[PDB]
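A look at the structure
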Amino acid sequence: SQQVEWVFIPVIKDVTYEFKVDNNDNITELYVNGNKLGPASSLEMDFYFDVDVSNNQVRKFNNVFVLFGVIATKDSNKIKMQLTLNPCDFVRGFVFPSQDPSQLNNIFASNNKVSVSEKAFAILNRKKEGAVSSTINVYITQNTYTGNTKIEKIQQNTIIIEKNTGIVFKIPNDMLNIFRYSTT
Amino acid sequence: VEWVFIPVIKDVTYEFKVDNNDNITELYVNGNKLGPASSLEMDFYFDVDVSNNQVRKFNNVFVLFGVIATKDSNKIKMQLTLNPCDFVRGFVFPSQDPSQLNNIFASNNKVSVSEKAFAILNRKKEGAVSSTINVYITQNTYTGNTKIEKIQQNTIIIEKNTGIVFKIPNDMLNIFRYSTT
């Protein structure tokens, strides 16, 4: 599973992230703005979310990756990330083991990707993260951003976790505050 | 004039020529001449104790995070790591002159970086620097392990027009450290 491409997926405003969870509590698909991303490895739901199954609620997000010196924006229907090298800039998100990387081109504004050491990222609420590869693919444009940046928050229903039963896990609104990021 | 970032690293030589007016007339990096595109006061880079002919401190030491530096052939090679614990320290210098800079850096590839992205140690009369800085960085990231390295005696030479060389005590040089492979 460490021989698979793991990719960084920024969680940003006006993009919807839908995780499909099966009867075994495994993630079968991630849809980013409706674009399907299949997992290469069997992928436990608890790699991303700690769920209180009894009242159908997310307790916390696990393995939230933070990359510094970059900003993110929405460009057309795609995620655009740019290098600033300013340590006060950051973009937060998930890592995902792509079964079929060619699916990633619909999600990101650039074809341009670089490998970044896994040690470069801060990882919040680390849990059973040994599966992740030692380098992470990051989709970043070739053009630096040198203008002013600001911190933005995501919207209430940015992340949706859909079980096979049709029932969604509740995510409290305050929990989304962990996904703040730098943008233009 | 867009200013350029110059990493100060171990087996590269840096020689500053200072005139009788205490202005820098040239910087030689590994023997490659770099002419200043504006008038450039010596005290932008160094403060000097006239009484014992010694450097007191280095000024305007710029720090770029998420990058490493190495010596490749006779040139400075900088690479992106995006690891905030990685950094490269150095000078900024006013030249836009691609000829002179191509002899110094391993890559032709440069990007503009906001001046606000850098930390500046011992900042002094730094208002002349442009709002973006040219950084010569290769197109290929480095994902291996890194370590912090220091420079040595005789890495930096400061030479007055008279032939006299300013003493730099070894402890002063500790301000120049950087992440490398």
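Per the deposited record, the coordinates in this entry were obtained by X-ray crystallography to a resolution of 2.08 Å.

Per the PDB entry, the recorded name for chain B is SSO1725, and the organism is Sulfolobus solfataricus. According to the PDB record, the title of this entry is "SSO1725, a protein involved in the CRISPR/Cas pathway". You can read under Subunit in the UniProt record for chain B the words "Homodimer." Quoted verbatim from the Sequence similarities heading of the UniProt record, the comment on chain B is "Belongs to the CRISPR system Cmr7 family."

Named according to the PDB entry, chain A is SSO1725 originating from Sulfolobus solfataricus. If you open the UniProt record of chain A and go to Subunit, you find "Homodimer." UniProt annotates chain A under Sequence similarities with the comment "Belongs to the CRISPR system Cmr7 family."

1. Focus on the overall build of chain B
Each helix and strand counted, chain B has one helix and 16 strands in total. The C-alpha radius of gyration of chain B comes to 15 Å, within 12% of the 16 Å expected for a compact globule of 181 residues. Across its three principal axes, chain B shows a C-alpha extent of roughly 45 × 35 × 30 Å. Counting over 181 residues, chain B shows a buried share of 52%.

2. A word on the side chain of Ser 107 of chain B
All names here are of chain B. Mapping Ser 107 onto the fold places it in the loop between α1 (98–102) and β11 (110–114). For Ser 107, a relative accessible area of 10% puts it in the buried group. Here the side chain of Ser 107 touches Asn 109 through a polar contact of 3.2 Å, landing on its backbone oxygen.

3. Looking at the interface of chain B and chain A
Every contact between the two is made by 20 residues of chain B and, on the other side, 20 residues of chain A. Roughly 1,600 Å² is buried in total at the junction of chain B and chain A, and carbon and sulfur atoms are behind 62% of that figure. There are zero salt bridges connecting chain B and chain A. Elements with a contribution of two residues or more to the side of chain B that touches chain A: β7 (61–65) and β11 of chain B. Residue composition of the side of chain B that touches chain A, by class: nine nonpolar, ten polar and one charged.

4. Brief notes about the nonpolar core
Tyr 17 and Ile 159 of chain A together with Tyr 14, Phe 58 and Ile 156 of chain B are the most contacted members of the largest nonpolar core, which has 114 residues in total. Residues within four places of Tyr 14 of chain B in sequence aside, it is in contact with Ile 6, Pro 7, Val 8, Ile 9, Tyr 28, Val 29, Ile 76, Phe 91, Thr 155, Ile 156 and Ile 157 of chain B.

5. Thoughts on the sheet that holds strand β2 (residues 14–18) of chain B
Hydrogen bonding along the main chain pairs the strands of a sheet, whether they run parallel or antiparallel. Residue and element names in this part refer to chain B. Across the sheet, which stays open at both edges, the four strands sit in the order β4-β3-β2-β15 with mixed pairing between neighbours. Each of the sheet's edge strands pairs with one partner strand only, and the pair in question is β4 (32–34) and β15 (156–160). Geometrically, the sheet is characterised by an average inter-axis angle of 20° between neighbouring strands, direction not taken into account. As judged from the five bridges shared by β2 and strand β3 (residues 24–29), these two strands associate in the antiparallel manner. Residue pairing in the sheet places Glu 15 in a bridge with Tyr 28 of β3.

6. What about the pattern of salt bridges?
According to the stated counting rule, one finds 13 salt bridges over all chains in the structure shown. The closest approach of N and O atoms between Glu 159 of chain B and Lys 17 of chain B, which form a salt bridge, is 3.5 Å. Here the residue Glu 159 of chain B occupies a position in strand β15, and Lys 17 of chain B occupies one in strand β2, the gap between them amounting to 142 residues. Note on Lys 17 of chain B: relative accessible area 25%, which makes it partly exposed. Of the charged contacts in the structure, one is a salt bridge between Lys 160 of chain B and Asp 22 of chain B, with a shortest N-O distance of 3.4 Å. Here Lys 160 of chain B, found in strand β15, pairs with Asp 22 of chain B, found in the loop between β2 and β3; they are 138 residues apart in sequence, far enough to count as distant. On the basis of relative accessible area, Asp 22 of chain B is assigned to the partly exposed category, the value being 32%. Salt bridges sharing common partners tie together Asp 50, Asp 52, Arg 59 and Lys 60 of chain A.

Parameters at a glance
Residues numbered from 1 in each chain as written, not as in the entry; some residues may be left out. Chains lettered and ligands numbered in written order. Heavy atoms only, no water. UniProt positions renumbered as here; feature names shortened; annotations may be inferred. Helix = DSSP H or I, 4+ residues; strand = E, 2+ residues; numbered from the N terminus. Rg over C-alpha atoms; globule rule 2.2 N^0.38 Å. Buried < 20%, exposed > 50% of the residue type's maximum accessible area, 1.4 Å probe, protein only. Polar contact = N/O pair within 3.5 Å; in protein donor to acceptor, adjacent residues only side chain to side chain. Contact = heavy atoms within 4.5 Å. Buried area = accessible area lost by both parts, 1.4 Å probe. Salt bridge = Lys/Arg side-chain N within 4 Å of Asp/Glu carboxyl O. Nonpolar A, V, L, I, M, F, W, Y, C, P; charged D, E, K, R; others polar. Core = buried A, V, L, I, M, F, W, Y, C linked by side-chain atoms within 4.5 Å. Pairing = 2+ DSSP bridges. Axes fitted to C-alpha atoms, helices over the stretch in contact; angles between N-to-C directions.

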